[PDB]
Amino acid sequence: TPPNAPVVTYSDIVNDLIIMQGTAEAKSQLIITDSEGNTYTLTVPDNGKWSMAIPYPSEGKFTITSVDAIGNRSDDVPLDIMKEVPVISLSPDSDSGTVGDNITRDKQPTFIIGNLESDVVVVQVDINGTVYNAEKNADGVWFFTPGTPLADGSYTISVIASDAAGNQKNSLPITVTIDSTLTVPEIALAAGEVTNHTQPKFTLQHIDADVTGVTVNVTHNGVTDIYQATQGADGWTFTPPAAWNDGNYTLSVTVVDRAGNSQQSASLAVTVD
């Protein structure tokens, strides 16, 4: 009779080593051969218990076999595990305004998928609870691009990958905000002011809460000067940093939100007396 098939009682992956304990016929050879054709061989101790660590091999694939002292071999115990949790992120090419903040005005952004083992056969994306096939590009790299443009709002995204043996892992969620929406702003003189001040105050209204850039365009006698607004508790504000010539001044405000939407207010043609 051949040795009985060797047994794994415990397995774990730490770093890039597979660690196992198990049992097998005492004093037999335990032969572990992996997908890359490495062989790792040990003599099973006298108690019939063994332990081993091997470098995690390509695709997590390997076989365990026992051979006794007279050359009889057990059944092969072929295993196929998986190690890598897939990763997904917003493509920097679909990421408007600041890059890396997961906010974009792009309504069909691409997501880039990484950290897949070469035996992965199913790759999918969960977007707000609905699961879709990911797609494989020319270079064998996976991605996902929505088929139709997404409405504005928040999308929780997780990537799911599984190999032929049914090992499946999904990423811890990230989210993305699609924002292509911004209110047209407004420049008006402040409440208590044609004006007598050479540094008149301006109230800036209809400035959306997600707005991070605010400038005032002051246009007079063929030259345009661009001013940084002041954000305060009450909102955004502007008074010219220095005294202003007598005459007529044309004004507008331009807002840019964190997504990189931009709006310009209507023209305001005024008079410093």
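Throughout, we count residues from 1 along the sequence that is shown.
Participant: Please figure out whether residue 193 and residue 194 are truly consecutive in the deposited sequence or have unmodelled residues between them, and give none, 1 to 3, 4 to 9, or 10 or more.
Facilitator: The entry has a gap there, with 4 to 9 residues left out between residue 193 and residue 194.
Participant: Mean CA temperature factor from the deposited coordinates, higher in 167 to 175 or in 100 to 108?
Facilitator: According to the entry, 100 to 108 carries the higher average C-alpha B-factor.
Participant: Tell me which stretch has the larger mean Cα B-factor in this entry, 112 to 120 or 148 to 156.
Facilitator: Mean CA B-factor is higher for 148 to 156.
Participant: Reading the B-factor column of the entry, which of 28, 65, 228, 39 has the highest value at its C-alpha atom?
Facilitator: Answer, based on the entry's C-alpha B-factors: 228.
Participant: In terms of recorded Cα temperature factor, pick the maximum from 245, 51, 47, 58.
Facilitator: 245 has the highest C-alpha B-factor of those listed.
Participant: Is the Cα B-factor recorded for residue 200 in the lowest, middle or highest third of its chain?
Facilitator: CA B-factor rank for residue 200: highest third.
Participant: So where's residue 3 on the chain's Cα temperature factor ranking, which third?
Facilitator: Middle third by C-alpha B-factor.
Participant: Taking the C-alpha B-factors as the PDB entry records them, is residue 13 in the lowest, middle or highest third of its chain?
Facilitator: Middle third.
Participant: Would you please rank residue 182 by its C-alpha temperature factor against the other modelled residues of its chain and give the third it falls in: lowest, middle or highest?
Facilitator: Middle third of the chain for residue 182's C-alpha B-factor.
Participant: Hey, what third does residue 262 fall into on Cα B-factor, ranked over its chain?
Facilitator: Middle third - that is where residue 262 ends up once the chain's C-alpha B-factors are sorted.
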